[PDB]
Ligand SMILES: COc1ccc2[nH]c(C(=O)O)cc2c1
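Here you get one chain, nothing else, as structure tokens; it is the form deposited without the named molecule.
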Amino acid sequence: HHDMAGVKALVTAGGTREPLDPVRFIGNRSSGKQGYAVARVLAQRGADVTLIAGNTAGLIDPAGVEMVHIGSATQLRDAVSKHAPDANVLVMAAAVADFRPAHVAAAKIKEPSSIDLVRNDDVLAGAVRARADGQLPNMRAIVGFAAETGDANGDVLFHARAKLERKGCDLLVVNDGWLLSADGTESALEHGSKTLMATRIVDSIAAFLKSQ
């Protein structure tokens, strides 16, 4: 039915784009489909959903969901800062570009000089800090998303378990796939439609909120 009737949810989705100039930019391959799916499931279950979307070209805005379109990592951060205080749940599913062009050309660049890169702020960490400082009373649950690959140093779960504690979020969605909770619970995420996966994620949020 409607688990999320009283829940104000803030969802980010898609990838950000950091401009070199008006024409070109630095981006990633994020579709934002998973975040959109989570947005729809939440709204279907009675949540008041605000969705902040990055590069989602062919996706259609979900009905019953307040849409806030942004372009870059900075624009995303400012959007979150604006809408977070009213949110009970923050679903950080956007693929934020780690690096940004240090200087942006006013006009399209016409061998060229190298591009200087500067690190972007950790928007999630900003939210986690704000709640820790008592500046987010309404916030009850914070969800992070991560893509992990096995390397010589460790397993996928090995890296996933580490990132969950580093980010300081309550739940981490890892892509098969995993749902990692801060209490120490681990649930497998079987390959399926983005809809079914969204249901699993929202179920974890619901289950978490009951414990809150």
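Position 1 is the first residue in the sequence shown; the rest follow in order.
Here the subject shifts to the form solved in complex with the named molecule, a form of this protein not shown in this document.
| task | Please work out, step by step, whether the site is open or blocked: first superpose the C-alphas near the site so the named molecule is positioned as in the deposited bound form, then count ligand atoms within 2.4 Å of this form's backbone or C-beta atoms (3 or more = blocked). | result | Pocket open on this form.
| query | Okay, which stretch from 22-30, 62-70, 43-51, 180-188 lines the named molecule in the deposited bound form, with non-hydrogen atoms inside 4.5 Å? | reply | The contacting stretch here is 22-30.
| Any of the heavy atoms of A147 lying within 4.5 Å of the named molecule in the deposited bound form? | Contact with the named molecule, yes.
| query | in the deposited bound form, does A95 have a heavy atom within 4.5 Å of the named molecule? | reply | Yes, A95 lies within 4.5 Å of the named molecule in the deposited bound form.
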